[PDB]
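S.K.: sequence first, structure after; it's an experimental one.
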Amino acid sequence: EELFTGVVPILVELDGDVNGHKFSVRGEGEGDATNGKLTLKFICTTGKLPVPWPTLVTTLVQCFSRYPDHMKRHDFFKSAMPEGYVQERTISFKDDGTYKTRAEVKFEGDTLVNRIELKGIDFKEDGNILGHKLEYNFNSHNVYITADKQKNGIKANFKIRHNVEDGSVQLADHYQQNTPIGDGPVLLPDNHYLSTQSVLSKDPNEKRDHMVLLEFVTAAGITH
Ligand code: NA
Ligand code: NA
Ligand code: NA
């Protein structure tokens, strides 16, 4: 919490396997929780990414959300720091495959590190994911968080809306659970949500398959 007062370096490491296609992503940048802001560049270090970059955005550090003062009692993510938390998700792409992800989010020295294993199964070879038919952009979402007292953690549920190149929308249902790594006490929040926004771009000097991401997230849903 006091660990987030300024700008914090971020490292993201993802190992993925989707319908047997193996890939790795490495991301580097910084987080400014005071303003809810993330600035990162991600590289596919194994060559071509076999799924669209937008499908990995949510997997690729909610401790950088801005929690307003009146919500300070509800910030599980920072309260678990520095020892961190496990973040697990199931992502269900409507009429296509699923991702299962397990990550650890924790400080390693001065750097906030998100280390992820992703397994994707049951994707259509000519669907929107393996067929690379999703637009290179991101919509603004609401991440609904609830406490899971018995697990000493939280759950989240939300839908990601991926614009498709034919003008339709590909929904991705997100089920999420977070548990602390360490033994120290954490905050168990009242129901609230994170309001998100982001933009995806390219670095014209970067020849590797990559994504530049700028993201802003603020907590809300508890009136002062
Ligand atoms: Na509390
Ligand atoms: Na659910
Ligand atoms: Na240039």
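M.R.: On my side now, so go ahead. Residues are numbered from 1 along each chain as shown. Ligands and ions are numbered 1, 2, ... in the order given.

S.K.: show me what contacts the residue of the chain found nearest ligand 1?
M.R.: Closest to ligand 1 within the chain is residue 73: 4.0 Å, counting by CB to the ion. C-betas here are computed from N, CA, C, even on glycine. For residue 73, the contact set (CB atoms under 8 Å, 6 or more residues apart in numbering) comprises 187, 189, 190.

S.K.: number of nearby residues for the second one?
M.R.: Looking back up the chat, that one is residue 189. Taking other CB atoms under 10 Å as the criterion, the count of residues near residue 189 is 21.

S.K.: surely it and residue 75 touch.
M.R.: Yes - contact criterion CB atoms under 8 Å: residue 189 and residue 75 qualify, at 7.3 Å.

S.K.: just say helix, strand or coil for residue 23.
M.R.: Secondary structure assignment for residue 23 (DSSP: H, G, I helix; E, B strand; the rest coil): strand.

S.K.: what bridges to it?
M.R.: Under the criterion DSSP bridges, residue 23 forms beta bridges with residue 16.

S.K.: returning to that earlier point: from the contacts of residue 73, which is closest to residue 174?
M.R.: Among these, residue 189 lies closest to residue 174 (CB to CB), at 17.7 Å.

S.K.: wait, a helix at the closest one?
M.R.: No - in this structure, residue 189 is coil, not part of a helix, as judged by three-state DSSP.

S.K.: separation between the nearest residue to it once chain neighbours are set aside and residue 196?
M.R.: Residue nearest to residue 189 in three dimensions, not counting chain neighbours: residue 74, with 3.4 Å by CB to CB, 6 or more residues apart in numbering. Distance of residue 74 to residue 196, computed by CB to CB, to the nearest Å: 17 Å.

S.K.: now do residue 36
M.R.: 9 Å.

S.K.: count of neighbours near residue 49?
M.R.: Counted with other CB under 10 Å, the neighbours of residue 49 add up to 23.

S.K.: now do the contacts for it.
M.R.: By CB under 8 Å, 6+ apart, the contact list for residue 49 reads 23, 25, 56, 209.

S.K.: all the strands of this protein, residue numbers only.
M.R.: Secondary structure of the chain (DSSP state E): strands located at 7-18, 21-32, 37-44, 85-93, 98-108, 111-121, 142-148, 153-163, 169-180, 192-201, 210-220.

S.K.: elements contacting the fifth one?
M.R.: When you say that, I think you mean strand 98-108. Applying 3 or more CB pairs under 8 Å, 6 or more residues apart in numbering; DSSP states H and E, one finds that strand 98-108 contacts strand 85-93, strand 111-121.

S.K.: repeat for the shortest one
M.R.: For strand 142-148, the helices and strands in contact under the criterion 3+ CB pairs under 8 Å, 6+ apart are strand 153-163, strand 169-180, strand 192-201.

S.K.: using a markdown table, lay out those together with distance to ligand 1.
M.R.: A markdown table is the format used below for the helices and strands packed on strand 142-148 (distance: least, CB to the ion, whole Å):
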| stretch | distance to ligand 1 |
| --- | --- |
| strand 153-163 | 12 |
| strand 169-180 | 14 |
| strand 192-201 | 12 |
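
S.K.: with mean neighbour count added, can I get those in JSON lines?
M.R.: Formatted as JSON lines, these follow (neighbours: other CB atoms under 10 Å):
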{"stretch": "strand 153-163", "mean neighbour count": "18"}
{"stretch": "strand 169-180", "mean neighbour count": "18"}
{"stretch": "strand 192-201", "mean neighbour count": "17"}
